[PDB]
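Notes follow the structure.
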There are 2 protein chains.
Amino acid sequence: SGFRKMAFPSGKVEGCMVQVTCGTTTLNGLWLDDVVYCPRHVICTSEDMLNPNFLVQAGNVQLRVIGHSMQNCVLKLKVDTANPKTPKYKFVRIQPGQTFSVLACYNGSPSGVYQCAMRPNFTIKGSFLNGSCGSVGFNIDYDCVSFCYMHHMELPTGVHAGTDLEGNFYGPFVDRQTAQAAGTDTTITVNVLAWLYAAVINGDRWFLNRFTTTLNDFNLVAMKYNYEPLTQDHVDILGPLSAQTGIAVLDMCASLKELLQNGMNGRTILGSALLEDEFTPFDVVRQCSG
Amino acid sequence: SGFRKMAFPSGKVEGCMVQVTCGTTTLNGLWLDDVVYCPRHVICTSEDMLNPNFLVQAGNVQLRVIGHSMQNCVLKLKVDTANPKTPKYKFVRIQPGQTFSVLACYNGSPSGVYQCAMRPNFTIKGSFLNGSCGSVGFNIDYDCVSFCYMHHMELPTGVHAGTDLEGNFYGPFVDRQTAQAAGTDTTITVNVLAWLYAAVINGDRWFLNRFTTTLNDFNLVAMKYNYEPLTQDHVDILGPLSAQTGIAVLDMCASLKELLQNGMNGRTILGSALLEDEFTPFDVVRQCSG
Ligand SMILES: *CC(=O)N1c2ccc(C(=O)OC)cc2NC2=C(C(=O)CCC2)[C@H]1c1ccc(C(F)(F)F)cc1
Ligand SMILES: *CC(=O)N1c2ccc(C(=O)OC)cc2NC2=C(C(=O)CCC2)[C@H]1c1ccc(C(F)(F)F)cc1
């Protein structure tokens, strides 16, 4: 029992982390096979971010860059020694709504790990300080590591922005300091529904009134509260949770609809008095049934 | 910027994790130097938890137990090979209010990491499934690992209970299945005050009214809302946060006092509409100022 916001173990990424310096500028990079990835704005100097040559250390072991190139927004420093601590990996691209773990690092040493979601506006609500550029976000499948995120920058609203491991940015964003107003993030509705399932499994059922409602009547309400519309694909993926708790998707929709319109009222669901949207349905299955 | 509930990297603990089987019964254990720790109720059989010989595998490497002994509530399996992946460690005991990271494991393999607090009633609000007994909770200081918790059991109220690494249980609890009604956990007031600081640092200041109030007048209110009394030692440790934000401890006390009595009212502080008590003041300093 218990539900808790839970990151994957960080051991296999920690030993792929490295410190990268170019001129005065030093940040974090990822070491896989014989190539080190890192954000390309490492070649800028920071004085020039106010108005209009490589060192690679793996803790204490110096690698020689023997050349580099630029794929989109990331630099691919080719090194001579090949990392023996390279796990099974693959470079996946994430869609809004999916979640991952972030291992925040400074000067190449890991400091923390935490779980967060790729918001519908393509930003992520991270915890980043200066020096964190180059930290990676990832999922793991027992022993295969799916890298899906590298940090680049902090937008003016406090939120964060970065790329996939091939260099392409997640949203309409660029590796430069500007007022890049990202869209309003909507609340991830499939995830809120999944968290409500995790509540049921674990104790809380007061919100379960479930006046049966249809799909689109819910969507009508959902949208004038800034909830992303629910599609058939979202319904499908709740299948397993539906199966376990014996509460059809339309019911949980309906019960949430009285939450949006009649409110939490200070009442508590799984340690919270607001509707959590940063757990995917697979999250709930991994945590609530192995 | 950003505040996010953040566990220490789990790499150094992951390689001290091992699977332990005794008769039919198999769970998780910790391997340090040449001794493996694990809960002593490994020698029970589970059929007998309803009404009134060692295998140690490190993934695939079998260790020979050459003997064992019982310190309090944990078994110390002495093995012949000594773990080369043993970090700097020390066995600390935690007091209620302090926080740690839990690396949940099944059949000796790590599955997740997460952050939680030792509640004032000596229970912890974990995320544990059958098979998780023997998982450890710990803090790290850059390279020294302070082990402070090993999981034993789940109380009837869903909460969890365990020991320090020397075998002694945290509260008035025992390694047996009974209705052990633990006390009401009070809300950790020093921590709520620290989270309010992290809010200020990061954006949110609406709760800052700060009608100056005294210490004990606050305590009067605090207690009839089930908030643990605030001592001089708690005031002291908020010193640094006080220094950074330029808002004296009595002010934040006072502002929280109007939160307890005039309510959140759906309003949001750092992604939440209830008062979070599971961040220590050192947590805020580590996350908000390196
Ligand atoms: C992500 C990060 O830690 N930093 C960062 C942020 C933005 C950009 C950018 O837009 O470049 C065009 C670059 C960086 N790079 C680095 C840092 C560092 O602190 C270390 C060196 C890499 C920080 C950073 C740097 C400068 C600033 C400033 F001055 F613009 F405000 C902020 C963060
Ligand atoms: C912590 C844990 O995972 N388990 C557990 C819980 C309590 C006790 C206990 O009170 O013993 C006197 C022992 C255990 N031990 C083990 C398990 C396992 O699933 C694997 C073997 C170790 C579980 C567990 C076992 C049995 C039950 C039961 F039947 F009592 F409900 C519950 C959890």
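Letters A, B, ... go to the chains of the structure tokens in the order shown; residues in each chain start at 1; ligands are counted from 1 in the same order.
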
Mind fitting chain B to chain A by least squares on all Cα atoms in order and giving back the moved coordinates as a CSV table (one decimal) with C-alpha atoms, in the first residue's frame?
chain,number,residue,atom,x,y,z
B,1,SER,CA,0.0,0.0,0.0
B,2,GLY,CA,0.8,3.7,-0.2
B,3,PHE,CA,1.2,6.0,-3.2
B,4,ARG,CA,4.3,8.1,-3.6
B,5,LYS,CA,5.8,10.1,-6.5
B,6,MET,CA,8.6,7.8,-7.5
B,7,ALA,CA,11.6,8.1,-9.8
B,8,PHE,CA,13.5,5.3,-11.4
B,9,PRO,CA,16.8,4.2,-9.8
B,10,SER,CA,19.6,6.6,-11.1
B,11,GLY,CA,22.6,4.2,-11.0
B,12,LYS,CA,22.9,3.5,-14.7
B,13,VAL,CA,22.8,7.2,-15.6
B,14,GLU,CA,25.1,8.5,-12.8
B,15,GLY,CA,28.0,6.6,-14.5
B,16,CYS,CA,27.3,8.1,-17.9
B,17,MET,CA,27.5,11.6,-16.4
B,18,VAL,CA,30.5,13.8,-17.2
B,19,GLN,CA,31.7,17.4,-16.8
B,20,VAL,CA,32.3,19.4,-20.1
B,21,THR,CA,34.2,22.7,-20.3
B,22,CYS,CA,34.6,24.8,-23.4
B,23,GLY,CA,36.5,28.1,-22.9
B,24,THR,CA,35.2,29.6,-19.7
B,25,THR,CA,31.9,27.6,-19.9
B,26,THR,CA,31.3,24.3,-18.0
B,27,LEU,CA,28.2,22.1,-17.7
B,28,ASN,CA,26.9,18.6,-17.8
B,29,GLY,CA,27.1,16.0,-20.6
B,30,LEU,CA,26.1,12.4,-21.3
B,31,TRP,CA,28.7,9.7,-22.2
B,32,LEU,CA,27.5,6.7,-24.3
B,33,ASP,CA,29.7,4.4,-26.2
B,34,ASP,CA,32.5,6.7,-27.4
B,35,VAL,CA,30.5,9.9,-27.9
B,36,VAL,CA,29.6,12.6,-25.3
B,37,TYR,CA,26.4,14.6,-25.7
B,38,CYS,CA,25.8,18.1,-24.3
B,39,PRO,CA,23.9,21.3,-25.2
B,40,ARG,CA,25.6,23.2,-28.0
B,41,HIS,CA,25.3,26.6,-26.1
B,42,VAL,CA,28.4,25.4,-24.3
B,43,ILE,CA,30.4,27.3,-26.9
B,44,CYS,CA,28.8,30.6,-25.9
B,45,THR,CA,30.2,32.8,-23.2
B,46,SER,CA,27.8,34.0,-20.6
B,47,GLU,CA,28.6,37.8,-20.7
B,48,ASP,CA,27.0,37.7,-24.1
B,49,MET,CA,23.6,36.6,-22.7
B,50,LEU,CA,22.8,40.1,-21.5
B,51,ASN,CA,22.5,42.5,-24.5
B,52,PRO,CA,23.0,42.1,-28.2
B,53,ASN,CA,39.1,23.9,-26.9
B,54,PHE,CA,37.3,21.1,-24.9
B,55,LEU,CA,37.9,19.4,-21.6
B,56,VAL,CA,35.9,16.3,-20.7
B,57,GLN,CA,36.4,14.9,-17.2
B,58,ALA,CA,34.7,11.8,-15.9
B,59,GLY,CA,35.2,12.6,-12.2
B,60,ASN,CA,39.0,12.5,-12.5
B,61,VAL,CA,39.7,10.7,-15.8
B,62,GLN,CA,40.4,13.2,-18.7
B,63,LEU,CA,39.1,12.1,-22.1
B,64,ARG,CA,40.6,13.6,-25.3
B,65,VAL,CA,38.0,15.0,-27.7
B,66,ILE,CA,39.3,13.9,-31.1
B,67,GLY,CA,36.5,15.9,-32.8
B,68,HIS,CA,33.0,17.2,-32.6
B,69,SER,CA,29.9,18.1,-34.7
B,70,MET,CA,26.5,19.7,-34.2
B,71,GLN,CA,23.3,17.7,-34.6
B,72,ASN,CA,20.6,20.4,-34.3
B,73,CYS,CA,21.0,21.8,-30.8
B,74,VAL,CA,23.5,19.4,-29.2
B,75,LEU,CA,27.2,18.9,-29.6
B,76,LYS,CA,28.6,15.3,-30.2
B,77,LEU,CA,32.1,15.3,-28.8
B,78,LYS,CA,33.8,12.1,-30.1
B,79,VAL,CA,36.2,10.7,-27.6
B,80,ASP,CA,38.9,8.1,-27.9
B,81,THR,CA,38.1,5.9,-24.9
B,82,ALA,CA,34.7,4.2,-24.8
B,83,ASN,CA,32.6,4.2,-21.6
B,84,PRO,CA,32.4,0.6,-20.2
B,85,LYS,CA,29.6,1.6,-18.0
B,86,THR,CA,27.3,2.2,-21.0
B,87,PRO,CA,23.9,0.4,-20.4
B,88,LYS,CA,21.3,-0.7,-22.8
B,89,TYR,CA,19.9,2.5,-24.2
B,90,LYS,CA,17.8,4.0,-27.0
B,91,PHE,CA,16.8,7.6,-27.8
B,92,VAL,CA,13.0,7.9,-27.5
B,93,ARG,CA,11.0,11.0,-28.1
B,94,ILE,CA,8.3,11.8,-25.6
B,95,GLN,CA,4.7,13.2,-26.3
B,96,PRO,CA,3.0,15.6,-23.9
B,97,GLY,CA,1.5,13.8,-20.9
B,98,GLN,CA,4.2,11.1,-20.6
B,99,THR,CA,6.5,11.3,-17.5
B,100,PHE,CA,10.2,10.7,-16.8
B,101,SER,CA,12.9,11.0,-14.1
B,102,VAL,CA,15.4,13.8,-14.0
B,103,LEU,CA,18.9,13.4,-12.5
B,104,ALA,CA,20.1,17.0,-11.8
B,105,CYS,CA,23.9,17.5,-11.9
B,106,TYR,CA,26.4,20.2,-11.2
B,107,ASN,CA,30.0,20.1,-12.5
B,108,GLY,CA,29.2,16.5,-13.6
B,109,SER,CA,28.3,15.1,-10.2
B,110,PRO,CA,24.7,13.8,-9.6
B,111,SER,CA,22.8,15.7,-6.8
B,112,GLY,CA,19.2,14.6,-7.0
B,113,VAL,CA,16.6,12.6,-8.8
B,114,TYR,CA,12.9,13.4,-9.3
B,115,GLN,CA,9.8,12.6,-11.4
B,116,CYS,CA,8.0,15.0,-13.6
B,117,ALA,CA,5.8,15.3,-16.7
B,118,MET,CA,6.1,16.8,-20.2
B,119,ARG,CA,3.3,19.4,-20.0
B,120,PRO,CA,0.8,19.9,-22.9
B,121,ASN,CA,2.6,23.2,-23.7
B,122,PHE,CA,5.9,21.3,-24.0
B,123,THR,CA,7.6,22.7,-20.8
B,124,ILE,CA,8.5,20.8,-17.7
B,125,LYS,CA,8.2,22.0,-14.1
B,126,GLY,CA,11.7,21.1,-13.0
B,127,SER,CA,14.0,22.0,-10.1
B,128,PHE,CA,17.0,23.5,-11.9
B,129,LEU,CA,19.8,25.8,-10.8
B,130,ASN,CA,22.6,27.4,-12.8
B,131,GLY,CA,25.0,24.7,-13.7
B,132,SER,CA,22.3,22.1,-14.3
B,133,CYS,CA,22.3,22.4,-18.2
B,134,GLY,CA,23.0,19.0,-19.6
B,135,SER,CA,21.1,16.9,-17.0
B,136,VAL,CA,19.1,14.1,-18.6
B,137,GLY,CA,15.6,12.7,-18.2
B,138,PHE,CA,14.9,9.1,-18.9
B,139,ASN,CA,12.8,6.0,-18.2
B,140,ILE,CA,14.1,2.5,-17.6
B,141,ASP,CA,12.7,-1.0,-18.4
B,142,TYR,CA,14.4,-3.2,-15.8
B,143,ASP,CA,17.7,-2.9,-17.6
B,144,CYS,CA,17.2,-0.8,-20.8
B,145,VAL,CA,17.5,3.0,-20.3
B,146,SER,CA,15.4,5.2,-22.6
B,147,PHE,CA,16.9,8.7,-22.6
B,148,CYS,CA,14.4,11.3,-23.7
B,149,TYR,CA,15.5,14.7,-22.4
B,150,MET,CA,18.4,17.0,-22.0
B,151,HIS,CA,18.1,20.4,-20.2
B,152,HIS,CA,18.9,23.6,-22.0
B,153,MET,CA,17.4,26.6,-20.3
B,154,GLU,CA,14.9,28.3,-18.0
B,155,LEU,CA,12.0,30.3,-19.5
B,156,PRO,CA,10.9,33.6,-17.9
B,157,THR,CA,7.9,31.9,-16.1
B,158,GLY,CA,10.2,29.6,-14.1
B,159,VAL,CA,9.4,26.6,-16.2
B,160,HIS,CA,12.1,24.7,-18.2
B,161,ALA,CA,12.9,23.7,-21.8
B,162,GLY,CA,15.2,21.2,-23.5
B,163,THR,CA,15.6,18.7,-26.3
B,164,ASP,CA,15.5,15.0,-27.1
B,165,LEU,CA,18.9,13.2,-27.3
B,166,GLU,CA,19.1,14.0,-31.0
B,167,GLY,CA,19.2,17.7,-30.5
B,168,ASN,CA,15.6,18.7,-31.4
B,169,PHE,CA,13.8,21.0,-29.0
B,170,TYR,CA,10.5,19.8,-27.5
B,171,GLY,CA,8.4,22.8,-28.2
B,172,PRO,CA,8.5,26.1,-30.1
B,173,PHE,CA,11.7,27.0,-28.3
B,174,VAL,CA,15.3,28.0,-29.0
B,175,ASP,CA,18.7,27.8,-27.2
B,176,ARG,CA,18.8,31.6,-26.6
B,177,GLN,CA,17.6,34.1,-23.9
B,178,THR,CA,14.3,35.7,-25.0
B,179,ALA,CA,10.8,36.2,-23.7
B,180,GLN,CA,9.5,32.9,-25.2
B,181,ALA,CA,5.9,32.9,-23.9
B,182,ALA,CA,5.0,29.2,-24.1
B,183,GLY,CA,1.3,28.4,-24.3
B,184,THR,CA,-0.9,27.8,-21.3
B,185,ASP,CA,-0.3,24.3,-20.1
B,186,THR,CA,-3.6,22.5,-19.8
B,187,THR,CA,-4.2,20.0,-17.1
B,188,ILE,CA,-3.4,16.4,-18.2
B,189,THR,CA,-6.8,14.8,-17.9
B,190,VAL,CA,-5.9,11.1,-18.6
B,191,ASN,CA,-3.4,11.4,-15.8
B,192,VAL,CA,-5.8,12.9,-13.2
B,193,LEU,CA,-8.2,10.0,-14.1
B,194,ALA,CA,-5.3,7.5,-13.4
B,195,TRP,CA,-4.4,9.1,-10.1
B,196,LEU,CA,-8.1,8.8,-9.1
B,197,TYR,CA,-7.7,5.1,-9.8
B,198,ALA,CA,-4.6,5.0,-7.6
B,199,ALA,CA,-6.7,6.6,-4.8
B,200,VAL,CA,-9.4,4.0,-5.1
B,201,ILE,CA,-6.9,1.1,-4.9
B,202,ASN,CA,-5.3,2.7,-1.8
B,203,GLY,CA,-8.2,3.8,0.4
B,204,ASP,CA,-10.0,6.9,-0.8
B,205,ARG,CA,-13.4,6.5,-2.4
B,206,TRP,CA,-15.5,9.6,-1.2
B,207,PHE,CA,-15.3,11.3,-4.6
B,208,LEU,CA,-16.9,8.2,-6.1
B,209,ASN,CA,-20.4,9.3,-6.6
B,210,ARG,CA,-20.3,8.5,-10.3
B,211,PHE,CA,-23.6,9.9,-11.6
B,212,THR,CA,-23.2,8.2,-15.0
B,213,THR,CA,-22.4,10.9,-17.6
B,214,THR,CA,-21.5,10.5,-21.3
B,215,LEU,CA,-18.1,11.2,-22.8
B,216,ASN,CA,-18.7,14.5,-24.6
B,217,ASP,CA,-20.8,16.1,-21.8
B,218,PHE,CA,-17.8,15.6,-19.6
B,219,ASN,CA,-15.5,17.1,-22.3
B,220,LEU,CA,-17.8,20.2,-22.4
B,221,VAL,CA,-17.3,20.8,-18.7
B,222,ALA,CA,-13.6,19.7,-18.8
B,223,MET,CA,-12.6,22.3,-21.3
B,224,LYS,CA,-14.2,25.5,-19.7
B,225,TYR,CA,-12.0,24.4,-16.6
B,226,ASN,CA,-8.8,24.2,-18.8
B,227,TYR,CA,-8.7,20.3,-19.0
B,228,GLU,CA,-7.4,18.9,-22.2
B,229,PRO,CA,-10.1,16.9,-24.2
B,230,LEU,CA,-10.2,13.1,-23.7
B,231,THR,CA,-9.9,10.9,-26.8
B,232,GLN,CA,-10.6,7.3,-27.4
B,233,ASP,CA,-6.9,6.4,-27.1
B,234,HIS,CA,-6.9,7.8,-23.6
B,235,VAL,CA,-9.9,5.7,-22.7
B,236,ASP,CA,-8.2,2.6,-24.0
B,237,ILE,CA,-5.0,3.0,-21.9
B,238,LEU,CA,-7.0,3.3,-18.6
B,239,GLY,CA,-8.3,-0.2,-19.5
B,240,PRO,CA,-6.1,-2.1,-16.9
B,241,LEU,CA,-6.9,0.3,-14.0
B,242,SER,CA,-10.6,0.0,-14.9
B,243,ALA,CA,-10.2,-3.8,-14.8
B,244,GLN,CA,-8.6,-3.8,-11.4
B,245,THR,CA,-10.9,-1.4,-9.5
B,246,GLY,CA,-14.2,-2.4,-11.2
B,247,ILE,CA,-15.1,1.2,-11.9
B,248,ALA,CA,-15.7,2.0,-15.6
B,249,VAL,CA,-13.9,5.0,-17.2
B,250,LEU,CA,-17.2,6.9,-17.7
B,251,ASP,CA,-17.9,6.6,-13.9
B,252,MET,CA,-14.5,8.1,-12.9
B,253,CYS,CA,-15.0,10.8,-15.5
B,254,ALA,CA,-18.4,11.6,-14.0
B,255,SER,CA,-17.1,11.6,-10.5
B,256,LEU,CA,-14.2,13.9,-11.5
B,257,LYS,CA,-16.8,16.1,-13.2
B,258,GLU,CA,-18.4,16.7,-9.8
B,259,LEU,CA,-14.9,17.5,-8.4
B,260,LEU,CA,-14.3,20.2,-11.1
B,261,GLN,CA,-17.7,21.7,-10.5
B,262,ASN,CA,-18.3,21.0,-6.7
B,263,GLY,CA,-14.7,21.3,-5.7
B,264,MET,CA,-12.3,19.5,-3.4
B,265,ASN,CA,-13.6,21.5,-0.4
B,266,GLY,CA,-10.4,20.9,1.5
B,267,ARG,CA,-11.1,17.2,1.4
B,268,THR,CA,-8.1,14.9,0.9
B,269,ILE,CA,-7.2,12.4,-1.8
B,270,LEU,CA,-3.9,10.6,-1.4
B,271,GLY,CA,-2.3,13.4,0.7
B,272,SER,CA,-3.5,16.3,-1.5
B,273,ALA,CA,-6.4,18.8,-1.8
B,274,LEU,CA,-5.9,19.5,-5.6
B,275,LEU,CA,-6.1,17.1,-8.6
B,276,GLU,CA,-2.7,15.7,-9.5
B,277,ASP,CA,-2.0,15.3,-13.2
B,278,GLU,CA,1.7,14.1,-13.2
B,279,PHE,CA,1.1,10.3,-13.0
B,280,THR,CA,0.5,8.3,-16.2
B,281,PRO,CA,-1.7,5.2,-16.1
B,282,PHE,CA,1.4,3.0,-16.6
B,283,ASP,CA,2.8,4.7,-13.5
B,284,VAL,CA,-0.1,3.5,-11.4
B,285,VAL,CA,0.2,-0.1,-12.7
B,286,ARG,CA,4.0,-0.1,-12.0
B,287,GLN,CA,3.4,1.2,-8.5
B,288,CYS,CA,0.1,-0.4,-7.6
B,289,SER,CA,0.5,-3.9,-9.0
B,290,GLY,CA,4.2,-4.4,-9.7

> Got a sec to tell me which of region 21-270 of chain B DSSP assigns to strand (DSSP E), as a ChimeraX atom specification?
Replying inline: /B:21-22,25-32,35-39,54-58,61-63,65-67,70-71,74-79,88-91,99-106,109-117,136-141,144-154,160-163
